[PDB]
């Protein structure tokens, strides 16, 4: 009666890298977050206080995820966006850890763990995509 598994669990990701390639190409924190559903510490991420115009992509596979124009300061300690470039890029699953309910967000293309989505976001969506800095790469606007 709930949603579970990324495309890695289902062994049907469109993009698959070997763990060996990812160990070299990602920092230990980026690897832990995206590959082991880790969470960076509050305010650990470069992109938390970062307001330059551009596009944030999945740090693993490069799929575009978030526009700078939806980024906002949630005071939470992690990057926060009120919308996604398009929802087909995200796998939403139910997270029941710690005796609470949250919706985890993962990349639908490679399965990377990104973060969570909450209902305390600003207008116009009311959504907060709460995303690890270490799950993202940033491409500055032209």
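Positions refer to the first chain, counted from 1.
Taking the PDB entry as given, 83 to 91 carries the higher mean Cα B factor of the two stretches 111 to 119 and 83 to 91.
In this entry, the higher average B-factor at the C-alpha atoms falls on 2 to 10, of the pair 133 to 141 and 2 to 10. Taking only the listed residues 40, 104, 36, 46, the entry reports the highest CA temperature factor at 46. When all modelled residues of the chain are sorted by CA temperature factor, residue 61 is found within the middle third. Sorting the modelled residues of the chain by their CA temperature factor places residue 74 in the highest third. When the modelled residues of the chain are ordered by C-alpha B-factor, residue 127 sits in the middle third.
Among all modelled residues in its chain, residue 98 ranks in the highest third by Cα B-factor.
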